[PDB]
Amino acid sequence: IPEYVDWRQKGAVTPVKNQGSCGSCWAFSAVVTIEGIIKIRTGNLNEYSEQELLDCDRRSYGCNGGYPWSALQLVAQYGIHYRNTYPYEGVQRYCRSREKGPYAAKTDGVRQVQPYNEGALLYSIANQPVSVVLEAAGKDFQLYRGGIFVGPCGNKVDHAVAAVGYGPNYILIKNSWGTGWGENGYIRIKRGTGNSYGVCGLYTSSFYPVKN
Ligand SMILES: *[C@@H](C(=O)O)[C@H](O)C(=O)N[C@H](C(=O)NCCCCCCCCN)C1CCC1
């Protein structure tokens, strides 16, 4: 795998989104990973519906949080609509996949990165954007403006985001807090520290969709 990956330069990342007050990051993270794999496999970059996963992933809990794994499972079993067909409302509503016509994309499964393993996560990022989780509750993360973020932070992960690249000393993260946070909505999180958990618990729980 190469020294640098940046799926934005490969045209596999849609504009940065803002989840708002809703605890929907699991759905934003999942959607980032779907947009990426659909671009990688088909050549087209589309925006997909965070709201659809928010409303319809019954394993998750709407705005009270949820599981990127169950959102990708939902997209592999049923599918997902384009974001324009099923736009983001920042509140859980009743599942409207039925009333919105045929799905726009569907995957073939979901796989987990071997947790607590930096090379395994980098290996997945080299192939596609990956849904990852981290501890975002710390003020240092909340107030991050730029640079390679080293913390302080613990490993009490509470926020799902998407890894879309890496470099020798960092992993490149698409956050869902709008384009005004961090590095135009991205954060570079230090890697290579030898901490099995990752900076901010970054290696705790990582999933990506599989699409043949
Ligand atoms: C992330 C965000 O900031 O939007 C969001 O809080 C989230 O999904 N986090 C998530 C999580 O904690 N999931 C489980 C939530 C279940 C609670 C709801 C029902 C009440 C239970 N007492 C995980 C992925 C990131 C950490």
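Residues numbered from 1 in each chain as written, not as in the entry; some residues may be left out. Heavy atoms only, no water.

### Considerations on the packing of aromatic side chains
As a reminder, the rule being used: Here the aromatic set is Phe, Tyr and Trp, taking the six-membered ring for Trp, and pairing holds for ring centres within 6.5 Å; pairs whose planes are under 30 degrees apart are stacked, those over 60 apart are edge-to-face, and all others are tilted. Per the convention used, a helix needs a DSSP run of H or I reaching at least four residues, while a strand needs a run of E reaching at least two, with both numbered from the N terminus. Only protein chains enter the accessibility calculation, which uses a 1.4 Å probe. A residue is then buried if its area is under 20% of the maximum for its type, exposed if over 50%, and partly exposed in between. Should the NZ of a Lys or the CZ of an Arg lie within 6 Å of a ring centre and within 35 degrees of the ring normal, that charge is described as sitting over the ring.
Applying the stated criterion to the full structure yields ten aromatic pairs. Between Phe-28 and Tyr-88, the aromatic rings sit 4.7 Å apart at their centres with planes inclined by 85 degrees, giving edge-to-face as the arrangement. Of the two residues, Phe-28 is situated in helix α1 (residues 25–42) and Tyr-88 in the loop between α3 (68–77) and β2 (109–113); the sequence distance between them amounts to 60 residues. Relative accessible area serves as the criterion here: at 3%, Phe-28 is assigned to the buried category. Here the aromatic rings of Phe-141 and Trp-181 are separated by 5.1 Å at their centres, their planes lie at 35 degrees, and the arrangement is tilted. Note that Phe-141 is positioned in helix α5 (residues 139–142) and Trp-181 in the loop between β6 (170–174) and β7 (186–190), a separation of 40 residues in sequence. An identical accessibility class is assigned to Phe-141 and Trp-181; each is buried. Each residue in the set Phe-141, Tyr-144, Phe-149, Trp-177 and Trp-181 is aromatic and connected to the rest through ring pairs, giving one cluster. Looking at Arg-8, its charged tip hangs above the ring of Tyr-186, at a distance of 4.1 Å from the centre.

### Some thoughts on the UniProt feature "binding site: leupeptin" in the protein chain
Note the cut-off: UniProt positions are given in the numbering used here, feature names are shortened, and annotations may be inferred rather than shown by experiment. Residue contacts follow a heavy-atom distance rule, with two residues in contact if any of their heavy atoms lie within 4.5 Å.
Under the present numbering, the feature "binding site: leupeptin" in UniProt falls on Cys-25. You can see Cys-25 is positioned in helix α1. For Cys-25, a relative accessible area of 10% translates into the label buried. With sequence-adjacent residues up to four places away left out, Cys-25 is seen in contact with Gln-19, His-159, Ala-160 and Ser-176.

### Quick notes on the state of the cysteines
Heads up, the condition is: By definition, disulfides here are pairs of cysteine sulfur atoms that lie within 2.5 Å.
Enumeration according to the criterion identifies three disulfides in this entry. What pairs with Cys-153 in a disulfide is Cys-200, and their sulfur atoms sit 2.1 Å apart. Its torsion about the S-S bond being -95 degrees, the disulfide of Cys-153 and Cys-200 is classed as left-handed. Remark: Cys-200 occurs in the loop between β7 and β8 (206–210) and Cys-153 occurs in the loop between β4 (148–149) and β5 (159–167); sequence separation between them is 47 residues. Overall, the relative accessible area of 27% leaves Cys-153 in the partly exposed class. When its relative accessible area of 2% is taken as the criterion, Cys-200 is described as buried. The connectivity of the disulfide-linked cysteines in the protein chain, indexed sequentially, is 1-3, 2-4, 5-6.

### Some words on the pairing of β6
This is how it is decided: Whether two strands pair comes down to DSSP finding at least two bridges between them.
Among the five residues that make up β6, five are buried, leaving the element largely enclosed by the rest of the structure. Burial of the side chains of β6 extends over both faces: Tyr-170, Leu-172 and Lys-174 are buried on one face and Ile-171 and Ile-173 on the other. In textbook terms, the turn of a hairpin is the stretch between consecutive antiparallel strands, and for β5 and β6 this stretch comprises two residues.

### Digging into the site of the ligand
Let me state the cut-off plainly: The rule for a residue being near a molecule or strand is that one of its heavy atoms must lie within 4 Å of it. We call two N or O atoms a polar contact when they sit within 3.5 Å, provided that within protein one can donate a hydrogen and the other can accept it, with sequence-adjacent residues counted only if both atoms are side-chain atoms. Surface exposure here means Shrake-Rupley accessible area, sampled with a 1.4 Å probe, where a residue is shielded only by the protein chains that are shown.
Not every one of the 14 residues close to the ligand is listed here, only the nearest: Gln-19, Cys-25, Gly-65, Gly-66 and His-159. One of the side-chain N or O atoms of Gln-19 is found 2.6 Å from an oxygen atom in the ligand. Within the side chain of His-159, a nitrogen or oxygen atom sits 2.9 Å from an oxygen atom of the ligand. In the complex, 60% of the free accessible area of the ligand, which totals 650 Å², lies under the protein chains. Those elements that place two or more of their residues in the shell around the ligand are α1 and β5.

### With respect to the side chain of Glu-135
Mapped onto the elements of the fold, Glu-135 is located in the loop between β3 (130–134) and α5. Among the polar contacts made by the side chain of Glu-135, one reaches the main-chain amide nitrogen of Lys-156 at a distance of 3.0 Å. Apart from residues lying up to four places away in sequence, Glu-135 is in contact with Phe-141, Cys-153, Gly-154, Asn-155, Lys-156, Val-157, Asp-158 and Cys-200.

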